[PDB]
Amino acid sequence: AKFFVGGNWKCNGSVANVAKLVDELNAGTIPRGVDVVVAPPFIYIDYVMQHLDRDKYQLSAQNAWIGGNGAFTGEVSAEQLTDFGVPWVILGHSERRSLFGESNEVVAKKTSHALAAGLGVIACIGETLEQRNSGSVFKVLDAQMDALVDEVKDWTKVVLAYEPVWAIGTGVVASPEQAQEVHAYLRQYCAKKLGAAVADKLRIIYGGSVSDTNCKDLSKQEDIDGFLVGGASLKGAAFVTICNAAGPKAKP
């Protein structure tokens, strides 16, 4: 029910800058009834967990391994994250689908593994400019979702994040109307695959370029339940403003 805002810091930070960002976030006020998650690089999670106000913010990781602990040098498991006290993980971000070749199948299995390990998952999908140019939007999104549906039985702790990758680094802007068109499409897909009750409660958050300038134009769209924020999450007051875009979608 709650408007949901996640802040994906990506691969950014230093000890001093993280300390400063945490202080700025702690200075902000968040409306009742909004869920706000902050996702630092792995090395900072300890510090952030210990210094960021728990009344306002929950922690997320930016990725996790496909399975449990073992001989996977460099990786962090969902079991480790849960044991650490982290409640959320972002999985299938466009940067990992592209740079790391995470397939639809890998994202879906990471998601079911993480859920079974006790995390909530911000599961990311989205199509590129080439795919939109070729008339493949439905084919691509349907296949991304079909893979998730195959792995996930309980969507209570899933948040679905749509990334308009065609409008990320291409010189193209996505309008709020274009965003809403996709979110409406995803909503009706999910109603058919999961049932109208599950689809109505599922948070479908927008992960295009979200700033303190455009957040209210996006948050008023019928099927946009929140945001997965990129670079604006690195600026505390701007990020807090995005969290305050909930308006009537906050569920105090």
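Don't overthink the numbering: it's just position in the shown sequence, from 1.
Asker: Mean Cα B factor from the PDB record: higher for 164 to 172, or higher for 89 to 97?
Answerer: If you average the C-alpha B-factors of 164 to 172 and of 89 to 97, the larger mean comes out for 164 to 172.
Asker: Could you settle it for me: does 196 to 204 or 65 to 73 have the higher average Cα B factor in the PDB entry?
Answerer: Mean B over CA atoms: larger for 196 to 204.
Asker: Have a look at 182, 121, 78, 152 and flag the one whose Cα has the highest B-factor in the entry.
Answerer: Checking the PDB record, the top C-alpha B-factor among 182, 121, 78, 152 is at 152.
Asker: By the entry's C-alpha temperature factors, tell me which of 144, 178, 111, 131 sits highest.
Answerer: Highest C-alpha B-factor among the listed residues goes to 131.
Asker: Test of reading the entry: by CA B factor among the chain's modelled residues, which third contains residue 31?
Answerer: Highest third - that is where residue 31 ends up once the chain's C-alpha B-factors are sorted.
Asker: Can you work out whether the C-alpha temperature factor of residue 188 puts it in the lowest, middle or highest third of the chain?
Answerer: Within its chain, residue 188 is a middle-third residue by C-alpha B-factor, going by the deposited values.
Asker: Residue 52: which third of its chain by C-alpha temperature factor?
Answerer: Middle third of the chain for residue 52's C-alpha B-factor.
Asker: What third of the chain, by the recorded C-alpha B-factor, contains residue 211?
Answerer: Middle third - that is where residue 211 ends up once the chain's C-alpha B-factors are sorted.
Asker: Taking the C-alpha B-factors as the PDB entry records them, is residue 140 in the lowest, middle or highest third of its chain?
Answerer: Highest third, going by the recorded CA B-factors of the chain.
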